[PDB]
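In case you want the letters, here they are:
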Amino acid sequence: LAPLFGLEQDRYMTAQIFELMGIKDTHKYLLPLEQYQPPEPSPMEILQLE
Amino acid sequence: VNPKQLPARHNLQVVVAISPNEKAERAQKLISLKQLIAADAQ
Amino acid sequence: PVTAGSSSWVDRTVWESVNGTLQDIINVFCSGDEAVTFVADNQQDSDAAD
């Protein structure tokens, strides 16, 4: 079921849990998915592919 | 702080009778959540 | 004191119950360092709760 349980579903689950316990989730490191740019790959996998 | 910028009571629930130690309680919850978010990399 | 020889020693009972209720009342509301704390239902209005 992981292929369907992507990132946004996990984020919504964690956000619901927080709302149940701690409301303001944006106050800190966790970022709204709308402005989450993808990670920048590192040179390690690049040189390994090379 | 603009007064017009604030919401209305329709979307503001209120709570009373808060224990002093509740802060610490929250802290515990937080660190618990921390562990959780540490286990999931997505 | 209807009469001197009666020595009508009063029984302070209302005061007793008043205090017995007031102590619990203050232990309910004024026990915490804070009075109340607003809580919202969405993240779009959580910045105003605190």
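Residues numbered from 1 in each chain as written, not as in the entry; some residues may be left out. Chains lettered and ligands numbered in written order. Part of a larger assembly, values for the part shown. Heavy atoms only, no water.

- If you check the header, you'll see the entry was determined by cryo-EM and the resolution is listed as 4.6 Å.

Observations regarding the environment of C:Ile25
Thought 1: Note on placement: C:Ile25 falls in helix α1 (residues 14-28).
Thought 2: Considered as a pair, C:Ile25 and C:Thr13 are 12 residues apart in the sequence and their alpha carbons are 19 Å apart. (Helix = DSSP H or I, 4+ residues; strand = E, 2+ residues; numbered from the N terminus.)

Concerning the interface of chain A and chain B
Thought 1: Taken together, the contact pairs 10 residues of chain A with 7 residues of chain B.
Thought 2: Roughly 740 Å² of surface becomes buried between chain A and chain B when both sides are summed, with 66% attributable to carbon and sulfur atoms.
Thought 3: Joining chain A to chain B, the criterion identifies 0 salt bridges.
Thought 4: Applying the counting criterion to the chain A and chain B interface returns 2 residue pairs in polar contact. (Contact = heavy atoms within 4.5 Å. Buried area = accessible area lost by both parts, 1.4 Å probe. Salt bridge = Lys/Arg side-chain N within 4 Å of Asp/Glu carboxyl O. Polar contact = N/O pair within 3.5 Å; in protein donor to acceptor, adjacent residues only side chain to side chain.)

Regarding the pattern of salt bridges
Thought 1: All told, the structure shown has 4 salt bridges over all chains when counted by the stated rule.
Thought 2: A salt bridge links C:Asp47 to A:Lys24; the nearest nitrogen and oxygen atoms lie 1.2 Å apart. In this pair, C:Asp47 sits in the segment after β1 (39-40) while A:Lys24 sits in the loop between α1 (7-21) and α2 (43-49), so the two residues belong to two different chains.
Thought 3: A relative accessible area of 54% means that C:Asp47 is categorised as exposed.
Thought 4: A relative accessible area of 28% places A:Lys24 in the partly exposed class. (Buried < 20%, exposed > 50% of the residue type's maximum accessible area, 1.4 Å probe, protein only.)

Looking at α1(A)
Thought 1: The terminal C-alpha atoms of α1(A) lie 21 Å apart, and with 15 residues this matches the ideal 21 Å at 1.5 Å per residue to within 8%.
Thought 2: Here α1(A) has its buried residues at A:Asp10, A:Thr14, A:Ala15 and A:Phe18. One side of α1(A) carries all its buried residues, which in axial view fall inside an arc of 135°. What points out from α1(A), more than 90 degrees from its buried face, is the exposed set A:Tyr12 and A:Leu20.
Thought 3: Tucked into the core, α1(A) has its buried residues touching α1 (22-39) of chain B. (Expected span 1.5 Å × (residues − 1). Arc of directions from axis to C-beta.)

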